[PDB]
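Engineer: this one's a deposited entry, sequence included:
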Amino acid sequence: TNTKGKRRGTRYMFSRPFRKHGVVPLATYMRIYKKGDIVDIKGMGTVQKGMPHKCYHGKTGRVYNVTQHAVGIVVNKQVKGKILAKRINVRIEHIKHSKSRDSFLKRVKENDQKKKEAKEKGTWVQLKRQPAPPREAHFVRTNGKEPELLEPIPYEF
Amino acid sequence: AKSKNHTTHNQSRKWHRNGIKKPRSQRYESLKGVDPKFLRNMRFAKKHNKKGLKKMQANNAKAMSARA
Amino acid sequence: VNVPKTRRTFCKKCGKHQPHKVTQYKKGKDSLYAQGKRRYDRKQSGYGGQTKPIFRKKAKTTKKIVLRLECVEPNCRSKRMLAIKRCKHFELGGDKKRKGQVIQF
Amino acid sequence: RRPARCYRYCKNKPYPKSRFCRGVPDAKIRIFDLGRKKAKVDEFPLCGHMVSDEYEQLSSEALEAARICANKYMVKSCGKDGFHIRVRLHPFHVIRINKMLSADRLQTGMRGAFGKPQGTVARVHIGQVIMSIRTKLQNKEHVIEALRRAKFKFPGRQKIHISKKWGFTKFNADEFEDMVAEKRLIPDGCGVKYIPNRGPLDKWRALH
RNA sequence: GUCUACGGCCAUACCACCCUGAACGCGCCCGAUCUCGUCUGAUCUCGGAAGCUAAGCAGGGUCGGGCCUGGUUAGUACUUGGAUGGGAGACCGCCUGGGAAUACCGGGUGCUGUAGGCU
RNA sequence: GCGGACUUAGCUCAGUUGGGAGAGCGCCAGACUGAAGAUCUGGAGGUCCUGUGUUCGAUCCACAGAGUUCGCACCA
RNA sequence: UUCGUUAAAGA
RNA sequence: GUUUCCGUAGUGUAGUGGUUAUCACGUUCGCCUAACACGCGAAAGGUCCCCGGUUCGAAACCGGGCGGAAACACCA
RNA sequence: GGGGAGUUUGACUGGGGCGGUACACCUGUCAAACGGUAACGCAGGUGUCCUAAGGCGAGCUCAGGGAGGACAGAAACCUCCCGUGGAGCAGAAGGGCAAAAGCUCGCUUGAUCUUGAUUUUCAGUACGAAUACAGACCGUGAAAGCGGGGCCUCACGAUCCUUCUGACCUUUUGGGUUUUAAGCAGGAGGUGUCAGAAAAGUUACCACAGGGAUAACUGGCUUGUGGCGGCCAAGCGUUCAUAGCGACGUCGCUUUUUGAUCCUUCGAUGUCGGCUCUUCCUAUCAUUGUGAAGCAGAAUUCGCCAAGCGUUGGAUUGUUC
RNA sequence: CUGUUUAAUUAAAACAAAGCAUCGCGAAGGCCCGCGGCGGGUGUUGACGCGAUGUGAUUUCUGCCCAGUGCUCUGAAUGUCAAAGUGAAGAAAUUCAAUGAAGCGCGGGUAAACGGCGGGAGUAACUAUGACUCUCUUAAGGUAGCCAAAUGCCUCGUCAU
RNA sequence: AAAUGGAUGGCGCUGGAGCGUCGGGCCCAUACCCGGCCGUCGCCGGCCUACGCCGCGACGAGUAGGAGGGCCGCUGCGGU
RNA sequence: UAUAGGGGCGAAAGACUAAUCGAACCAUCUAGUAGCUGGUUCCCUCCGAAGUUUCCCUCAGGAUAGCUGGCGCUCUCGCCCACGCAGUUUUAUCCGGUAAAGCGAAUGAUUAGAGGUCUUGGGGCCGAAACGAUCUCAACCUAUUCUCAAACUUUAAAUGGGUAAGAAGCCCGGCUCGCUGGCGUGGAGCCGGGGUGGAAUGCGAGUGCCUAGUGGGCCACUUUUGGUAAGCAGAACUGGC
Ligand SMILES: [Mg+2]
Ligand SMILES: [Mg+2]
Ligand SMILES: [Mg+2]
Ligand SMILES: [Mg+2]
Ligand SMILES: [Mg+2]
Ligand SMILES: [Mg+2]
Ligand SMILES: [Mg+2]
Ligand SMILES: [Mg+2]
Ligand SMILES: [Mg+2]
Ligand SMILES: [Mg+2]
Ligand SMILES: [Mg+2]
Ligand SMILES: [Mg+2]
Ligand SMILES: [Mg+2]
Ligand SMILES: [Mg+2]
Ligand SMILES: [Mg+2]
Ligand SMILES: [Mg+2]
Ligand SMILES: [Mg+2]
Ligand SMILES: [Mg+2]
Ligand SMILES: [Mg+2]
Ligand SMILES: [Mg+2]
Ligand SMILES: [Mg+2]
Ligand SMILES: [Mg+2]
Ligand SMILES: [Mg+2]
Ligand SMILES: [Mg+2]
Ligand SMILES: [Mg+2]
Ligand SMILES: [Mg+2]
Ligand SMILES: [Mg+2]
Ligand SMILES: [Mg+2]
Ligand SMILES: [Mg+2]
Ligand SMILES: [Mg+2]
Ligand SMILES: [Mg+2]
Ligand SMILES: [Mg+2]
Ligand SMILES: [Mg+2]
Ligand SMILES: [Mg+2]
Ligand SMILES: [Mg+2]
Ligand SMILES: [Mg+2]
Ligand SMILES: [Mg+2]
Ligand SMILES: [Mg+2]
Ligand SMILES: [Mg+2]
Ligand SMILES: [Mg+2]
Ligand SMILES: [Mg+2]
Ligand SMILES: [Mg+2]
Ligand SMILES: [Mg+2]
Ligand SMILES: [Mg+2]
Ligand SMILES: [Mg+2]
Ligand SMILES: [Mg+2]
Ligand SMILES: [Mg+2]
Ligand SMILES: [Mg+2]
Ligand SMILES: [Mg+2]
Ligand SMILES: [Mg+2]
Ligand SMILES: [Mg+2]
Ligand SMILES: [Mg+2]
Ligand SMILES: [Mg+2]
Ligand SMILES: [Mg+2]
Ligand SMILES: [Mg+2]
Ligand SMILES: [Mg+2]
Ligand SMILES: [Mg+2]
Ligand SMILES: [Mg+2]
Ligand SMILES: [Zn+2]
C-alpha cells in the first residue's frame, strides 16, 4: 500500500549532499573498470539515466560486462526467500572502487615479500594477521609528581 | 469481519529455520548477458585457438624444457 | 495533438528512409463470412438467446490514434502502422504554431 | 472545552501550524512581555526563572492564566514598571479532537479516525524554563511568591531557581559589573552585545 | 621565484577594499577589404602592434566576511543489551559498551601533472 | 455504425435546370402624431460550419471532419 | 384604439 | 454529522463555450398636466461574499474560510 | 409482449446500508539513518498534454532588488550594477539542472525496423514502465559524440473474436487456375471491480446452511460526555478573598446518563414501563448528638459522626422522564 | 346501513354492497380457455346486453394543468424500417442501388387515465398583521372546503371549556 | 464516596510476622552432576536367527501433519 | 355433480384446496450440490509447523511461494598438514539521514528591545505655501534576542546493511582474435611452469524427487500510528502462548 514504484523513498539518498551541486568531475569517468573488479554502488542525482534502484544503494558487487559508457555488475541482493546474484547495468557515474580488495592485495604482496625473505635467510616470520593481543606486563612511571587525587564534585544547578 | 492486514512477524525465524544460502559455488562463471561484439571477438578467437596453436606452442614447450 | 502530412520513416521493403504519406486509420466494415462471424451466426441461429457475452461497462473515453504510413515513391506501395499514445483532440496535418505571434482572437 | 486530564504528556509527534494543518484556531496567548518592556540592562539586576521537572505539555490557556496571575501579583507588589516578566515558552503543538454525538449510536463510528484541531499546547522538556522575571535586588522574595502562585496553577511538579546570570543574558552576574566596563559587553536595549576579538579594526576605533 | 596551454583535487583555492608587477607570456588597445554574424566591428571572425600595466591576471595585506582543521561544549544530549531497580504515573538512576552538534577560543588559506618560455 | 434532416446575416428561415444574395423580429434616420400603439420609406449587420478537388465562377457539385435530432441489431 | 384621481370649509 | 447548490448596484436576477458591468424595479433631473399618477428623454449607484493558485489576461476554472439553502440520518 | 420462464443484485468497511475508494498507478511522511513494513492514517494527485514542450548544434542567462531616462504614474520601453538558483523545466510533490536539463534561433523526425539480456512488481510469473547492448537505415554537429520519445519518479490492458499491414509466404483435403476462407509475425477495437462475468429492486409472508469471525440486552476495560468533589485566588459578598460563593487554569472519583470496543452469549440468557416484594450504599430530605454564619428570636445556609427508622395521596402520558 | 372475512393469535376503520362514473364490442366482434381443429365460456346471449376498472347510501360540490408516462385517430404529404421481389457488376459465391408493411418519430384529443398544484422583496398617520405593487418562474402554481384530524417534526403549538 | 458479607490468600502481626539496606544458614522443579534401566541416532566389532549377537557415546516434550515397527487384534483363503 | 397444482376457488385474509398452501400429496431423477455445522474407530517410536508474500467477484474459500515430513544420491574423517559453512566476533573499505542538535545557517513559523535614517502615509511646530527646516509614528535595513518544525536542515551518533580476509589466489613466458587500434596498442580467451603455514571461534557438507497441514491469531520489553483512554484498532525486532 506504500505504492511500490521506482524510488519512493529517495528524498535524501539520491541527492547531492552539500556544496557539490554542479557538473560531475571527470575523474569519476577516468577509472579502470575491468572485469572482476570489486566495486561499490552509490547513486547520483545529476545523471538520471543509469541509477540502478533504491535497493542497490550502498551495496558492493563484481563486474562481469563493460560497455561503451556504462558497466555491468553482479550484486547479491536479499529478498524474502534467499539471497540471489543479480545482473545490473549501471552507468559509470554511480560506481566507485572498493579499497578493501586493494588492501588485501597489498597484504598479499607484503606476505610474498616476507616469504621470499624467509626462504632466503631461513628465518620464520609468523605472517598470519593475529588480532589485538592482551597487554603485556609493562612498567609505569610516577616520578616527580604524586598521583593526582580525584573526587566527585557537588551538585550545582 | 475485519482481519489482520499485513505483517512480517515470525518471518526471519522461518528464514533461519533452513539457513539462508549464498549461491557460493560458481567456478567458470556463466557467459550469457555479455556484449555481442565481445562475443563476436571471443568465439572466433576460441575456434582459431583450436585451429592454429600447435607448432609455435610445441616449439616453445620444447625450448622451455631445454632451458629449464 | 498534431502530426504532419509527410514523414521520412524506415519502410521494410527497400530498406531505406523513404517519405511517407500519413493518413488516419479507419477500422473498416467487418467482412461477413469470417470464421468467428460464421461461428457466431451458427451459434445464434436457434432458441438460445444471446450466447456469447456482450460488453457493457465501458470506462475508457479515448482510443489509441494510430497512423497509416504509405510510401510516397512509386512501385513500392509499402503501407504499415505507427502507434501513438491516447489523445482526446487530434489535428490531422495542419495549423502549425509560432512563438512570437500575438493573440488577436 | 475539554479538560487537561485527557490532553496530557507527550504521546505523539509534534504537529505544528504549517501548510499541512490549515485548520487550527487562534491561540489563547498573543503577547509575552508584561512589565517594563523597554527596560535597560542595568535597571533590574536579578532574575528568577521557573524550571520544569516533568516532561509534560503546557496549554496556552494555562500560560494565559499563569501570566495574568503573575502580572497581577507584580502590579500589587512592586507597582507598574518595577519588574519584567517574559514567558519563555511558546505554543506550537496542536492537539486534535474527535468529537461525537453531533444522542444515539447513529452519527458515525470509528470511521473517520483523524481529528480536527482543537487547541495549541507546548511541549516542555525536563529543565526547560517556563517563565523568567527580572527585578531589583530587594525584590527577591516577590519573584519567588509570584512564581509560587504560578506553581499552584501549572500542572505537575516544577521548581524555582534564582539565576546566576544577569537577567536574560547568558553572562554571569559576578563577572558582569567587572566586564561590561573594560572591554567587551556593550548594552543594546534590554539585550547585551558581546564583541569578539575577530573584528575589523574600525569597530575598535569606533569604540574606546 | 614565476607565467602560458591543457588539466586533477573543487572555496585552505570565493566575495569587498588597498598596495606591488622588472623579462617573456597573458591581455586592454588600433581598423573593417576579404571568411564572418549583428540595429551598432558592443559580441564572434580577418592582417596588425602606435601605447599601457588603468583593468583582467599574478603575488602581499585586512585584530575582514565565508571555508577547512583543532580544543571547549562533553563523556553532556543520545543509544545496543539487563534487572522481582525507584516512581501512582510522568519519567529517572544504575551495570555493560559505543558516543554527536551550536554558541566560545585558537591556526591556516592553495597543492600538484604534462608540454613550452623568460630571470 | 448505417440512412436522413438542421448547420446562413444580433435571432428565426428561404434560396441548384449551379450566374452573389432576401423576408420578418432587432438598431439608426425620416412621414402624421395631446402622449403612446400601429403603419410606411431608406441604410448597417451574411468569406452561407470548416478543409480538399471540378468549373471562368460552389449557398446549392463530390469527399472528409466538427455540434443537434430521428428508427435499427448492437459477438474484443 | 388607451387616457385615473385632486381633502375640508369659505361667496 | 454526511453529500450537493447558491452568494453580482438598495431589491429579484441574466451572463463567458476565460477579454461585459446586463435587464426591470428603487433614487434623482427635465418635458408633458393647473397640480399628483402614467408616459417620454437621461444620470448616478458594483469589492460579481473574502483570501490565493493556473494563464498575457479570472468574478468566471480550481483550492481554503464566511453566511445561507436542499436530501439522508435506516435494522434492531 | 413481467401475461409467462430462467438468471443477477460486485468487494473493502471498528455490524450492514447510506458516505468514501484507502479496488489500478505516482510524490513526501508514517518508517525506528540498507531494503521491506499496516489501517476508511496524513498532505496531495492521475485516466491527460506536446510534430514540439522530441533529437542535435549554436547564442544568451533567470526571479528579484538598487540607480537613471519626455509624456510614464504601482506595474508600458531602453541602459548600468548586484544577483548560487530564491525563476523556469506542460501539469501534485520529491530529486536534479547555469557558457545547463532554463529562454531564443537553424535543420530534423531515432516518437523508425528487428533479435536477445537485465531492473522494477516479484512467486523472481505476466502487463505497463525503464536500462545497457547488438544489427540496418538515419537526424544534428566542424568533429567529438548525442538521439531509438518527454531530465527522472505513473499516466495504462490477458485468452477468444473483429479490423489493418507484410512476404511476388503456407494450407484451401484426387490434380491444376481464379475468388474466398484459415494460418504466420505486429498495430488497433476492452474488461476503471484496472491479472479482465455479460447483470435492477423489495420481502413486516419469507426459507435454508451457518456466525457471537458479526451489530440490537446486560455484564467486562475506558471516562470523552453526564454527575459529584478538591487545589492557588482576579473578583461577588455596603467596608472586608475564603460566613456563603468563585472566574481564568488545574487535579481526582463514579458507573445512577450517553459514548467507544467486540471479550462471553446466534443448536435463544424472553426486550420497556407499571404492580407487589426483600436487601444494600451514602454523594443526608427529615429525625438524634454537634461545629460555623453577613446565626438577636423564629425561619434558612454550610459542614461532621451517622443509613437505625421514614421518605405520600392524586389529574395527565405506554411511559423512563 | 343488513351481509362477509384471516378454520388454529385480529371480525375491523378491512372486503362486499346499491348509487355515481369511465372504456371496449353490431357476431368474419369485445374479454377469455385450449397442445390441436373456424374447438369452446359469456351464448337458450344482442347496447335497458356482455366484458374491464375507479369511487362507494342521501344533500352539496367534481377547481386548474396533455410539460412527462400511458391510451386513441389520421394521412405511402413525409425520415427510419426486416424477410421476399426488381435491376446492375462478375465465371459464380458475393456486393451495390432503388422500391419501403407494422412500429417509432412528425400532428391532435383525452386527466371520474397514472399523476402534479412555487419560492423572494417593498408596501396602511402607534406598532404589527398586512388590501396593493415590481421581477425571476413552470404545463399548471392548492380553487371551493377542512384541520394540529387516524394526516403537525418543532409540540405537551396558542386561546377557551 | 457505592451499592449481598470479604479479603497483603486467611489467621493474625507493632523490641515486627511493616518499611529500606544487608550477613550467615536453611527448603525444593521433571533445572544441574553422578549412577541403574528402556528406546532412537551415530561410529564400530565378529565367518553367530547375519533381518541375530555384542561395544562405546550423545540424546528423548509436543496439537495439525508425515513416516518406521508391532511375536497388537477381527473375518475369510492357500500351504503348514 | 362441476372446477386439480403455477392449476382450482376466493363478498379478497395470498385465506381455502383432506391437521401441510406466499404454490398440496406420492414416487422417480436423487445417495441433487454445499467454500457451510457435527463426527471420523489399535498401540509404540522418531521428526515436527503456520495464521505470512503475490493472485483470484477475492475477505468463512482456493492457487503459488514460505514453514514440514519421507525417500535417497554425491562426497569427507578415522595416521608439518585438508575442502567448505556460519542469525558470531575481529581487521580494512563503502552506504544511510533516525535519536540528538541548530535555525545570530537556506525554507516555513514566531517574541521583544536597540541603532540607522531611504520611502510613503497620519499628527504638531517656524509661516502665504515650500523634500527650506524640525519631533513622533508606519514600513525598510543592520547587529541582536525568545520559542519550534513527521511531510525543515549546515552537522550528525548508537544500532545496522554490503564486500575482501587466497591453491578458483600471485607471478613469468608464448599463441589466437573477424573486438579495438600510431605502435607486438589495449582487452579477452587458450597453453606451459613456480612455490599452499595466509584473522578468531564452532561445526562433517553439497544436491535431487514426492507431499500433508497451514493460509481466523494473540500477548510482553523496547520504537511507534489513530483515539481522551481501553483487556481498543493497526505496524518493526525479539521471545512466549
Ligand atoms: Mg489473515
Ligand atoms: Mg455447433
Ligand atoms: Mg429466429
Ligand atoms: Mg561588412
Ligand atoms: Mg557579411
Ligand atoms: Mg574594436
Ligand atoms: Mg594597478
Ligand atoms: Mg591589468
Ligand atoms: Mg590573495
Ligand atoms: Mg575570517
Ligand atoms: Mg536502556
Ligand atoms: Mg387614488
Ligand atoms: Mg420474472
Ligand atoms: Mg460486504
Ligand atoms: Mg527505510
Ligand atoms: Mg531500519
Ligand atoms: Mg547548449
Ligand atoms: Mg553579472
Ligand atoms: Mg517540479
Ligand atoms: Mg544503434
Ligand atoms: Mg483484482
Ligand atoms: Mg429477487
Ligand atoms: Mg399481505
Ligand atoms: Mg467531565
Ligand atoms: Mg467479539
Ligand atoms: Mg455487548
Ligand atoms: Mg479484534
Ligand atoms: Mg431458555
Ligand atoms: Mg432464565
Ligand atoms: Mg437502613
Ligand atoms: Mg378473533
Ligand atoms: Mg345524476
Ligand atoms: Mg355518493
Ligand atoms: Mg379532478
Ligand atoms: Mg432480396
Ligand atoms: Mg400531443
Ligand atoms: Mg398531493
Ligand atoms: Mg407601517
Ligand atoms: Mg387554501
Ligand atoms: Mg485484612
Ligand atoms: Mg526486614
Ligand atoms: Mg517425542
Ligand atoms: Mg404436472
Ligand atoms: Mg412447474
Ligand atoms: Mg389446511
Ligand atoms: Mg413463498
Ligand atoms: Mg413446484
Ligand atoms: Mg454423501
Ligand atoms: Mg484474502
Ligand atoms: Mg503449497
Ligand atoms: Mg526439505
Ligand atoms: Mg528432511
Ligand atoms: Mg527517511
Ligand atoms: Mg528531534
Ligand atoms: Mg494430508
Ligand atoms: Mg480458516
Ligand atoms: Mg493490537
Ligand atoms: Mg512457554
Ligand atoms: Zn517503401
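Structural biologist: Looks like it came in fine. Residues are numbered from 1 along each chain as shown, chains lettered A, B, ... in the order given. Ligands and ions are numbered 1, 2, ... in the order given.

Engineer: isn't residue A:114 right up against residue A:125?
Structural biologist: Yes - in terms of Cβ atoms under 8 Å, residue A:114 counts as a neighbour of residue A:125; the distance is 4.9 Å. C-betas here are computed from N, CA, C, even on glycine.

Engineer: compare these two (neighbour count), which wins?
Structural biologist: Higher neighbour count among residue A:114 and residue A:125: residue A:114, with 14 against 11, using other Cβ atoms under 10 Å in any protein chain shown.

Engineer: and the helix or strand encompassing the more buried one, which residues are buried?
Structural biologist: For residue A:114, the element it lies in under DSSP states H and E is helix A:99-121. Judged by neighbour count (16 or more other Cβ atoms under 10 Å in any protein chain shown), helix A:99-121 contains no buried residues.

Engineer: right, is it up against RNA strand L?
Structural biologist: Yes - residues of helix A:99-121 contacting RNA strand L under Cβ under 7 Å from any atom of the strand: A:99-101, A:103-105, A:107-108, A:111-112, A:115, A:118-119.

Engineer: now do stretch B:56-68
Structural biologist: Yes - using Cβ under 7 Å from any atom of the strand, stretch B:56-68 reaches RNA strand L at B:56-57, B:60-61, B:64, B:68.

Engineer: now intersect those with the helices, please.
Structural biologist: Members of the residues of stretch B:56-68 next to RNA strand L lying in helices (criterion: DSSP state H): B:56-57, B:60-61, B:64.

Engineer: closest to ligand 59 out of the residues you listed?
Structural biologist: residue B:56 (53.4 Å; Cβ to the ion).

Engineer: in this structure residue D:173 contacts residue D:162, no?
Structural biologist: No - look at residue D:173 against residue D:162 with Cβ under 8 Å: they stay out of range, at 10.3 Å.

Engineer: what sits in contact with each of those two?
Structural biologist: Common neighbours of residue D:173 and residue D:162, using Cβ atoms under 8 Å, 6 or more residues apart in numbering or on different chains, are residue D:46.

Engineer: ok, back up a step: which among the residues of stretch B:56-68 next to RNA strand L gets closest to residue A:42?
Structural biologist: residue B:57 (45.2 Å; Cβ to Cβ).

Engineer: how about the strands of the chain, start to end?
Structural biologist: You didn't pick a chain, so chain A it is. Here chain A has its strands, by DSSP state E, at A:38-41, A:60-66, A:70-78, A:83-91, A:95-97.

Engineer: oops, wrong one, chain C.
Structural biologist: For chain C, applying DSSP E gives strands covering C:6-10, C:17-24, C:64-71, C:79-86.

Engineer: mind checking the ones you listed for the one nearest to residue D:117?
Structural biologist: For residue D:117, the closest of the strands of chain C is strand C:79-86, at 42.4 Å, according to Cβ to Cβ.

Engineer: got the CA coordinates for the closest one in PDB?
Structural biologist: Taking C-alpha atoms only, strand C:79-86 is exported to PDB below (Å, rounded to 0.1, in the frame of the first residue of the first chain):
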ATOM      1  CA  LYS C  79       1.800   0.500 -46.000                       C
ATOM      2  CA  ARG C  80       2.300   0.000 -42.300                       C
ATOM      3  CA  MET C  81       1.200   1.300 -38.900                       C
ATOM      4  CA  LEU C  82       2.600   3.500 -36.200                       C
ATOM      5  CA  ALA C  83       1.100   3.700 -32.700                       C
ATOM      6  CA  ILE C  84       0.800   6.900 -30.600                       C
ATOM      7  CA  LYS C  85      -0.400   7.200 -27.000                       C
ATOM      8  CA  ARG C  86      -4.000   8.000 -26.200                       C
END
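
Engineer: partner strands of the helix or strand residue D:121 falls within, with direction?
Structural biologist: In the assignment (DSSP H and E), residue D:121 maps to strand D:116-123. Strand pairing for strand D:116-123, using DSSP bridges, gives strand D:57-59 (antiparallel), strand D:93-97 (antiparallel).

Engineer: pull out the buried residues from the last one.
Structural biologist: Within strand D:93-97, the residues that qualify as buried by neighbour count (16+ other Cβ under 10 Å) are D:93-96.

Engineer: and which of these is nearest chain A?
Structural biologist: Using Cβ to the nearest Cβ, residue D:96 is the member of those that lies nearest chain A, at 23.1 Å.

Engineer: ramachandran angles for the closest residue to ligand 59 within chain A?
Structural biologist: The nearest approach of chain A to ligand 59 comes at residue A:68, 32.0 Å away (Cβ to the ion). When read as degrees, to the nearest 10, the backbone of residue A:68 gives phi -60, psi -60.

Engineer: sorry, back to before: turn the strands of chain A into a markdown table, columns for mean neighbour count and distance to RNA strand E.
Structural biologist: Compiled in a markdown table, the strands of chain A are given as follows (neighbours: other Cβ atoms under 10 Å in any protein chain shown; distance: least, Cβ to the nearest atom of the strand, whole Å):
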| stretch | mean neighbour count | distance to RNA strand E |
| --- | --- | --- |
| strand A:38-41 | 18 | 16 |
| strand A:60-66 | 18 | 21 |
| strand A:70-78 | 19 | 18 |
| strand A:83-91 | 16 | 17 |
| strand A:95-97 | 17 | 12 |
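
Engineer: where do the strands of chain D begin and end?
Structural biologist: Counting by DSSP E, the strands of chain D are D:46-52, D:57-59, D:84-87, D:93-97, D:116-123, D:129-135, D:158-162, D:185-188, D:191-194.

Engineer: and the fourth one with RNA strand E, contact?
Structural biologist: Read that as strand D:93-97. No - Strand D:93-97 is not in contact with RNA strand E by Cβ under 7 Å from any atom of the strand; minimum separation 13.9 Å.

Engineer: ditto for the second one
Structural biologist: No - judged by Cβ under 7 Å from any atom of the strand, strand D:57-59 stays clear of RNA strand E, getting no closer than 9.2 Å.

Engineer: now swap in the longest one and tell me
Structural biologist: No - Strand D:116-123 does not reach RNA strand E (Cβ under 7 Å from any atom of the strand); its nearest approach is 10.7 Å.

Engineer: what's around the residue in chain B positioned nearest to chain A, how many residues?
Structural biologist: Of all residues in chain B, the one sitting closest to chain A is residue B:34 (4.8 Å; Cβ to the nearest Cβ). Neighbourhood size, residue B:34 [other Cβ under 10 Å]: 18.

Engineer: cool, residue D:73 as well?
Structural biologist: Residue D:73 has 19 nearby residues by other Cβ under 10 Å.

Engineer: residue contacts, residue 59?
Structural biologist: Picked chain A for this. Per Cβ under 8 Å, 6+ apart, neighbours of residue A:59: A:40-41, A:75-77.

Engineer: separation between it and RNA strand E?
Structural biologist: 23 Å (Cβ to the nearest atom of the strand, to the nearest Å).

Engineer: what does that residue show for phi and psi?
Structural biologist: Residue A:59 adopts backbone torsions of phi -90, psi 170, taken as degrees, to the nearest 10.

Engineer: could you pick out the longest helix of chain B?
Structural biologist: helix B:36-51.

Engineer: quote the end-to-end distance of stretch D:9-18.
Structural biologist: Taking Cα to Cα, to the nearest Å, stretch D:9-18 runs 22 Å from one end to the other.

Engineer: do that stretch and RNA strand L meet at all?
Structural biologist: Yes - using Cβ under 7 Å from any atom of the strand, stretch D:9-18 reaches RNA strand L at D:11-18.

Engineer: that older thread, would you put the C-alpha positions of the helix holding residue A:114 in CSV?
Structural biologist: The C-alpha trace of helix A:99-121 is given here as CSV (Å, rounded to 0.1, in the frame of the first residue of the first chain):
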residue,chain,number,x,y,z
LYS,A,99,39.7,-0.3,-1.4
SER,A,100,39.3,-3.4,0.7
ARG,A,101,40.5,-5.7,-2.1
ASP,A,102,43.3,-3.3,-2.8
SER,A,103,44.4,-3.5,0.9
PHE,A,104,44.2,-7.3,0.7
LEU,A,105,46.4,-7.3,-2.4
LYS,A,106,48.9,-5.1,-0.5
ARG,A,107,48.8,-7.6,2.3
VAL,A,108,49.4,-10.5,-0.1
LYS,A,109,52.3,-8.6,-1.7
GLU,A,110,53.9,-7.9,1.7
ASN,A,111,53.4,-11.6,2.7
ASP,A,112,55.1,-12.7,-0.5
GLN,A,113,58.0,-10.4,0.2
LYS,A,114,58.3,-11.7,3.7
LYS,A,115,58.1,-15.3,2.4
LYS,A,116,60.9,-14.5,-0.1
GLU,A,117,63.0,-13.1,2.7
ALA,A,118,62.1,-16.2,4.8
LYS,A,119,63.2,-18.6,2.1
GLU,A,120,66.4,-16.5,1.6
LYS,A,121,67.6,-16.1,5.2
